[PDB]
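Here the structure is laid out as structure tokens; the discussion comes afterwards.
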Amino acid sequence: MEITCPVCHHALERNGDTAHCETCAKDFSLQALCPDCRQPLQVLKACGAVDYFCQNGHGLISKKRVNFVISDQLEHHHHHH
Ligand SMILES: [Zn+2]
Ligand SMILES: [Zn+2]
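Numbering (my numbering), first residue to last: 9 to 89.
Laid out in structure tokens, this is it:
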């Protein structure tokens, strides 16, 4: 599977939260979603760092099975529900 740019299939490096695209100079921020509850789950922040983990608001997941999706698109005013 790996992680590569949809444009330049080389190799994207993950620093946590965001994966950096080499050529393109693009940063892909990945958000931790559930397959059943498709939300930011619950915003856990520590020293600024953030992880999306629905503790009591839904139920915890092993981070090995959490859906880290690259959502850098405008979800505010157009992506309506
Ligand atoms: Zn690239
Ligand atoms: Zn959950």
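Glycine included, each C-beta is placed from N, C-alpha and C at the ideal position.
Residue closest to residue i, alpha-carbon to alpha-carbon, out of the options
i, options, result
"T31", "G65, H17, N75", "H17"
"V74", "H28, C13, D59", "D59"
"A57", "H87, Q81, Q39", "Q39"
"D35", "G67, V51, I78, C62", "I78"
"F76", "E83, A27, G67, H88", "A27"
C-alpha distance - residue i paired with residue j, whole-angstrom precision
i, j, result
"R22", "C45", "25 angstroms"
"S37", "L20", "12 angstroms"
"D80", "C55", "22 angstroms"
"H85", "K53", "25 angstroms"
Within 9 angstroms, strictly: CB atoms of residue i and residue j
i, j, result
"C29", "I69", "no"
"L49", "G65", "yes"
3-residue-minimum beta strand (DSSP E) runs that sit fully inside the segment 41–84, ordered along the chain: 51–54, 57–60, 75–78
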